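Colleague:
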Amino acid sequence: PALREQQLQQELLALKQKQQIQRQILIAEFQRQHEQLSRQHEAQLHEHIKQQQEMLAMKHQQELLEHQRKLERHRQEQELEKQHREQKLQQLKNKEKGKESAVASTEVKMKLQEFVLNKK
Amino acid sequence: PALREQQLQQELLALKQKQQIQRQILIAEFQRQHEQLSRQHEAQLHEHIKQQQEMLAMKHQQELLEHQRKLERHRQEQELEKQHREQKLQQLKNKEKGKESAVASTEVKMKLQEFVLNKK
Amino acid sequence: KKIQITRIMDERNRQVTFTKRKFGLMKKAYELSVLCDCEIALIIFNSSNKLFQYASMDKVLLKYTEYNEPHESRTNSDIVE
Amino acid sequence: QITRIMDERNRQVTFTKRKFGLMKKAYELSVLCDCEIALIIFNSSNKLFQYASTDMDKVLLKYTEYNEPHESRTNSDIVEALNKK
Amino acid sequence: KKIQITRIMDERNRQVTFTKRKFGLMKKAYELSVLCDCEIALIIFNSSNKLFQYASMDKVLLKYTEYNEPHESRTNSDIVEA
Amino acid sequence: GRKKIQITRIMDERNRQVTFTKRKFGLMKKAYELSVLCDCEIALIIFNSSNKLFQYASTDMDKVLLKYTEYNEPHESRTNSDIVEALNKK
DNA sequence: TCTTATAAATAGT
DNA sequence: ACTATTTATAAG
DNA sequence: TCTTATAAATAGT
DNA sequence: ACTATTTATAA
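Have a look at this one:
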C-alpha cells in the first residue's frame, strides 16, 4: 500500500546515519583540540618551571661557595694565627744580639707546660 | 633570600589564569558548535518529516473520497433500481393499447401486498 | 323452489349453483361496468381453494393501491344489517 | 340495451341500485356455497366502493399469494360468450 | 765541723746556709759554663715557695722542649745510690 | 786544682771532656747537699758544647718544671754576666 | 784509664 | 760577716 | 324523494 | 337441459 514510502522511508535512516557520524566528527575534533591545548599548556608550564629552577640552583650554589669561602677565611685565619704565636718563639729563641736575653720567662712557660704534659 | 622569585612567582599565577580561561574558551566554543549542529539536525529532521506526512495525508484523503464515491455509486445504483421496478408498473398500469391488458396479475401482487401490510 | 341462505350440504347442488350464480354475478358486473362507465374487479375463492377472478385487473388493483380516502366498505354482516 | 347512460342522474341512480343488487348476488353466492368473494368498484367519478365476503385484507392477501392457472374473465369475454345465443 | 746530710732543724742556720750554698752552686755552674763552653739552667724553689733561677734562660728551656732522646737524668736517691 | 787555670775556654777536647764530667758530678753533689739540707726543690739543665742533654732533678723533674710554668712573681734570676758583675767587688 | 799536690768551698768561734 | 777544717780539682 | 307494471334471473322436472 | 316460480330493475 506504499506510494513512495518504500523509498522515502528507506532514505530517512540513511540520513540520520550521516547526522550521527557528523556528531562523531564534531566530538572527535573536540577531543583533539582539547588534547592539543593540554600539550600546549604543558610545554609552557615546563618552560617557566625550567626558568624558576635554573634561578634557584645558581642562587644556592653561590651561597654554598659563600659558606666554603667562610670556612677558608676561618681556617686560614686560625692557621696564620697558630703560626703567628710560633713566630714569637724566634724573637726569644736565638738572639736579641745579646742585650739581656737570658734572664727569665713569660711565654715559653706555655710551651714548656705543653711539652711536659705530652710525656705519655 | 628573595632575588627574583617574588616577581617570577607573581607571574606564574598570572600565566595559569590565562591558561584556565583559554580552557573555558575552548569548552564554550565546543558547547556552541554542539548546539548549532543540533539545531541544524533538528531542522533537517523536521523538513523530511514534513515531507513524509504531506505524502501520507494526501494519499489517505484521496482514498477517503474513493470510499465516498463508492457510496455514491451504491446509493445511485439502489435508487435507480428502486425506481427501475416502479417503471415496470407503468407498462402494466396505463396502456398496452388495450391489447389484452385486463386479465390477471404477476407483479402488481407485490405492490398490493405492500399496500395491505401498511394498514397500521 | 326457494332455498334458504344456508350452506348447501350437497356437493353437486353446491357445485352447479356456484357455477351459475358466478356467471350471473359476472353478468351483473358486466352490466354495471358498461351502463355506468365504471371499473370493477371481482375476486372469488371457492370452497376448493381455486381462484376465479373478473376484471372490467392490473389497472383496477393498481388504482386500489393508490387510494387512501374514507370510502364505503361492506361485509357479509353489513349485508344482513 | 347495455350502453353508456349519457344522462347523469339516470346513470347515478341506476349505478346505486345495480350496485346494491350486485352485492346481494355476491352475498348469496358467498353464503350458499361457502366461497370468499372480493369486489372492488370505481365509479365514473373515481370514488371507491368495495365489498368483501369475510375479510377484505385477508382475501386480497390470499390473491397475492396464488400463481396457478385459473379462470379470469373480462367484459369482452362476456360479450364473446353471451353473443353465442 | 763535718755535718751530716739531714734537714737543718734550725731556721736561721737553714736560712744563711741556703744563701751561701746557693751562691756557691751558681759559682760552680759559672765555672763549668765558661771553662767547657756549655749552657746551663738551674731552677730552685726554697721551702718558702719563692723562685730562684739561674741561666748561663729562654734559650736553654726552649732547647729542652725540642729534644726527645734518652739522656742522663739524676735524682736524690740516685745520688745516694752513687 | 794543683795550680789555678784561668776562666777560659779549654781548647783541648779531652781535658774539656774529663773536666766537664768531674765538675758536672760535683755540681750535682752540691745541689744534692742544698736540696736535702734546706728542704728545697732544685731543677738543673745542662747542655754541653756538643748539644747533648744532661739534667738533674731534686724530687721530680716534671713536677718542678710544671711548678715553674705556674709562677709569675718577681724573683731572683741570675746570669753568668751577673756573676762576673758580682764577684769582682773587692 | 787513673792517684796525690794545691786551690776551692764551707761551719763554727 | 770571718779563721780552721773538709772538699774538690787538676796534672804526675 | 319514492311505489307498481314488466323484464331479469334462476331450480327443478 | 326446458318449464315454471322468483327476483330485480325502471315507470
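Protein chains in written order, with the deposited numbering: chain A, 64 to 183; chain B, 64 to 183; chain C, 4 to 59, 62 to 86; chain D, 7 to 91; chain G, 4 to 59, 62 to 87; chain H, 2 to 91. We put the beta carbon where it would ideally sit given N, CA and C, even for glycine.
Does the beta carbon of residue 67 of chain H sit closer than 8 Å to a beta carbon anywhere in chain G?
Modeller: Cβ-Cβ to chain G under 8 Å: no for residue 67 of chain H.
Colleague: Answer yes if the stretch 77-85 of chain G comes into contact with the stretch 52-59 of chain H, meaning at least three C-beta pairs across the two stretches below 8 Å, and no otherwise.
Modeller: At 8 Å Cβ cutoff, the stretches touch.
Colleague: Less than 8 Å between the CB atoms is what I'm expecting for residue 65 of chain C and residue 46 of chain D, so what's the real figure, rounded?
Modeller: Between residue 46 of chain D and residue 65 of chain C the Cβ distance is about 6 Å, and since that is below 8 Å, they are a contact.
Colleague: Can you confirm whether residue 150 of chain A, when its beta carbon is compared against all beta carbons of chain H, has any partner nearer than 8 Å?
Modeller: False, the Cβ-Cβ gap to chain H never drops below 8 Å.
Colleague: Which residues, in order along the stretch 38-50 of chain C, keep a beta-carbon less than 9 Å from a beta-carbon of chain D?
Modeller: Residues 38, 39, 40, 41, 42, 43, 44, 45, 46, 47, 48, 49 and 50.
Colleague: Using a Cβ-Cβ cut-off of less than 7 Å, list which residues of the stretch 142-170 of chain A approach chain H; keep chain order.
Modeller: From the stretch 142-170 of chain A, only 165, 166 and 167 have a Cβ closer than 7 Å to chain H.
Colleague: Would you list the one or two residues that DSSP bridges to residue 54 of chain G?
Modeller: Answer by DSSP bridge pairing, in chain order: G:48.
Colleague: Given a cut-off of 8 Å, decide if residue 166 of chain A and residue 62 of chain G are closer than it, judged by their beta-carbon atoms.
Modeller: Yes, the pair counts as a contact, with Cβ atoms nearer than the cut-off.
Colleague: Check each candidate in A:121, A:168 and A:115 and name the one with the smallest Cα separation from residue 74 of chain B.
Modeller: Residue A:115 is the option with its Cα nearest to residue 74 of chain B.
Colleague: What does the alpha-carbon distance come out to for the pair residue 44 of chain G and residue 85 of chain H?
Modeller: So the two alpha carbons sit approximately 17 Å from each other.
Colleague: Kindly say whether residue 122 of chain B, judged by its beta-carbon, lies nearer than 8 Å to any beta-carbon of chain C.
Modeller: By this cut-off, residue 122 of chain B is not an interface position.
Colleague: Is there contact between the stretch 101-110 of chain B and the stretch 71-89 of chain A, where contact requires at least three CB pairs shorter than 8 Å?
Modeller: Verdict: yes, contact present.
Colleague: In or out: residue 171 of chain A buried (at least 16 other Cβ within 10 Å) or exposed?
Modeller: The residue in question, residue 171 of chain A, is buried, as its Cβ has 16 or more Cβ neighbours within 10 Å.
Colleague: Please list the terminal residues of the continuous alpha helix (DSSP H) segment that includes residue 126 of chain B.
Modeller: It spans 68-156 - the alpha helix (DSSP H) in which residue 126 of chain B sits, taken as one unbroken run.
Colleague: Please determine if the stretch 21-29 of chain C and the stretch 130-144 of chain B are in contact, where contact requires at least 3 C-beta pairs separated by less than 8 Å.
Modeller: No: fewer than three Cβ pairs fall under 8 Å.
Colleague: When you compare only the Cα positions, how much space is there between residue 113 of chain B and residue 132 of chain B?
Modeller: Distance between the alpha carbons of residue 113 of chain B and residue 132 of chain B: 29 Å.
Colleague: At a Cβ threshold of 8 Å, is residue 183 of chain A touching chain H?
Modeller: No, residue 183 of chain A does not count as interfacial toward chain H.
Colleague: Nearest to residue 71 of chain C by alpha carbon, out of B:88, B:177 and B:91?
Modeller: Residue B:177 is the option with its Cα nearest to residue 71 of chain C.
Colleague: Rounded to whole angstroms, what is the Cα-Cα separation between residue 15 of chain D and residue 89 of chain D?
Modeller: The straight-line gap from Cα to Cα measures roughly 30 Å.
Colleague: With DSSP run on the structure shown, which of helix, strand or coil describes residue 34 of chain C?
Modeller: In the structure shown, residue 34 of chain C sits in a helix (DSSP, three-state: H, G or I).
Colleague: At the level of alpha carbons, what is the spacing between residue 182 of chain A and residue 73 of chain G?
Modeller: Looking at the two C-alpha atoms, the distance is approximately 10 Å.
Colleague: If you draw a straight line from the C-alpha of residue 130 of chain B to the C-alpha of residue 83 of chain D, how long is it?
Modeller: Using only the alpha carbons, I get a separation of about 58 Å.
Colleague: Applying the 10 Å Cβ sphere with the 16-neighbour rule, what's the burial state of residue 5 of chain G?
Modeller: The residue is exposed, with fewer than 16 neighbouring Cβ atoms inside 10 Å.
Colleague: Identify which residue in G:81, G:58 and G:7 has its Cα closest to the Cα of residue 33 of chain G.
Modeller: Checked all of G:81, G:58 and G:7; the closest Cα to residue 33 of chain G is G:58.
Colleague: What residues from chain B crowd round residue 173 of chain A, counting only those whose CB sits closer than 7 Å?
Modeller: By Cβ distance, chain B contributes nothing, its closest Cβ being about 44 Å from residue 173 of chain A, past 7 Å.
Colleague: Along the stretch 7-24 of chain H, where does the CB come closer than 7 Å to a CB of chain G? Name the residues.
Modeller: For the stretch 7-24 of chain H, which is checked against every Cβ of chain G, the residues closer than 7 Å are 8, 10, 11, 17, 20, 21 and 24.
Colleague: Under 8 Å between the Cβ atoms of residue 21 of chain C and residue 35 of chain D?
Modeller: Closer than 8 Å, so yes.
Colleague: Under three-state DSSP, which class holds residue 43 of chain D?
Modeller: The answer is strand: DSSP assigns residue 43 of chain D an E or B state.
Colleague: Quick check on this structure: which residue in B:92, B:111, B:180 and B:161 has the alpha carbon closest to the alpha carbon of residue 46 of chain A?
Modeller: Residue 46 of chain A lies beyond the residue range present for chain A, which begins at 64 and ends at 183; the question has no answer from this structure.
Colleague: Would residue 125 of chain A count as contacting chain H if we go by Cβ distances under 8 Å?
Modeller: For residue 125 of chain A, the answer is no, since every Cβ of chain H falls outside 8 Å of its Cβ.
Colleague: Taking the straight line between their C-alpha atoms, what separation do you get for residue 66 of chain A and residue 125 of chain B?
Modeller: Near 12 Å, if we compare the C-alpha coordinates of residue 125 of chain B and residue 66 of chain A.
Colleague: Here's the rule I'm using: 16 or more other beta-carbon atoms within 10 Å means buried, otherwise exposed. How should residue 23 of chain G be labelled?
Modeller: Residue 23 of chain G is exposed by the Cβ-count criterion.
Colleague: Between which two residues does the alpha helix (DSSP H) holding residue 82 of chain D run?
Modeller: From DSSP, the alpha helix (DSSP H) with residue 82 of chain D extends over 81-88.
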